[PDB]
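Below you'll find only one chain, the form deposited in one PDB entry, shown as structure tokens.
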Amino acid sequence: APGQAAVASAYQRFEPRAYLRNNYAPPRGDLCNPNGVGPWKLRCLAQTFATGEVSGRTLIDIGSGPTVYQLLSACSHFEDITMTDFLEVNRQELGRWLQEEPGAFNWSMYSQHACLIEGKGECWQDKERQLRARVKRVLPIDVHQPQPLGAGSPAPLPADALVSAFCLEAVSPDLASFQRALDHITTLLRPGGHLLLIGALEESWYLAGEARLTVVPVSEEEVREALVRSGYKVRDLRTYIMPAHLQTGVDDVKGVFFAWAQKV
């Protein structure tokens, strides 16, 4: 309770535009360099889905924040998608892009790169069209509660698959809390279901405007073990080491991990 209400307090200052700018605009957001983290992440999301292994009807994105890139390759495999976030402002920022409102963040370069990578000959507008169509709702959530979505959420539970990028470690004061939060969201997944977990490796802080957030520094092994401890079978685990040119003043992240896990 103490460690959670403290994080919750820091997030009250979280500025979406500042977050988007620090991470999804160049240099980290430059998709032209094949060696950048942007191309690497999109590639690993596309290859995972191209296997045909991850499919079903409903999907939940845990801690969406103001981003949708994590769902570009996923959207053509799930007709009902639920996006979520703890903050009102992020859910509003998402709405601005989903409803094509004014001031929405421009994700077009990412959509185009996902199309380029997938190689199905799809134009980026159709991709965004399909994502917007399949995202049925944007709900509040708290991975710290035993029932993250709450009592009677509109979300079709359990889900056939889950996606979570940079949420758990960024809202957990320590490894133990990270483990619990993972246990918590795992209850939202159907047995045999899939979890695509993405996050920061050995990171301890990051900025988002006037907000300065703490992060729990986790390692690939710690993540692997935590996944096992939560009833998962790790189908794939990859690490991307942050090169010097992508190490800016916005945080102290050392690498990024990708975990494809199956609830057994």
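Numbers follow the displayed sequence, beginning with 1. Between two forms, the rigid core is defined as the largest C-alpha subset superposing within 1.5 Å.
S.K.: Is the mean CA B factor in the deposited entry higher across 118-126 or across 148-156?
M.R.: Averaged over C-alpha atoms, the B-factors run higher in 148-156.
S.K.: Where do the C-alpha atoms have the higher mean temperature factor in this entry, in 109-117 or in 85-93?
M.R.: Here the higher of the two C-alpha B-factor means belongs to 85-93.
S.K.: Reading the B-factor column of the entry, which of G231, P66, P26, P39 has the highest value at its C-alpha atom?
M.R.: That would be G231, according to the entry.
S.K.: For the listed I62, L197, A200, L227, which has the peak Cα B-factor recorded in the PDB entry?
M.R.: Checking the PDB record, the top C-alpha B-factor among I62, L197, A200, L227 is at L227.
S.K.: What third of the chain, by the recorded C-alpha B-factor, contains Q70?
M.R.: Answer is lowest: the recorded C-alpha B-factor places it there.
S.K.: Going by the recorded CA B-factors, say which third of the chain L188 sits in, lowest, middle or highest.
M.R.: Ranked within chain, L188 CA B lands in the highest tercile.
S.K.: Divide the modelled residues of the chain into thirds by Cα B-factor and specify which third, lowest, middle or highest, holds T239.
M.R.: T239: CA B-factor falls in the lowest third of its chain.
S.K.: How does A50 rank on Cα B-factor within its chain, lowest, middle or highest third?
M.R.: CA B-factor rank for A50: highest third.
S.K.: Is the Cα B-factor recorded for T58 in the lowest, middle or highest third of its chain?
M.R.: Highest third of the chain for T58's C-alpha B-factor.
The next section is about a form of this same protein that is not shown, the form deposited in another entry.
S.K.: Would you indicate which listed residue, out of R238, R43, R235, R28, moves its Cα by 2 Å or more between the shown form and the other one relative to the superposed core?
M.R.: After core superposition, the one over threshold is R28.
S.K.: Any CA movement of 2 Å or more for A208 between the shown form and the other one, core superposed?
M.R.: Yes, its C-alpha moves 2 Å or more.
S.K.: Knowing the shift is 3 Å or more, I'd like to know if the C-alpha atoms of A211 and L94 are closer or farther apart in the other entry than in the shown chain.
M.R.: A211 and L94 sit farther apart in the other entry.
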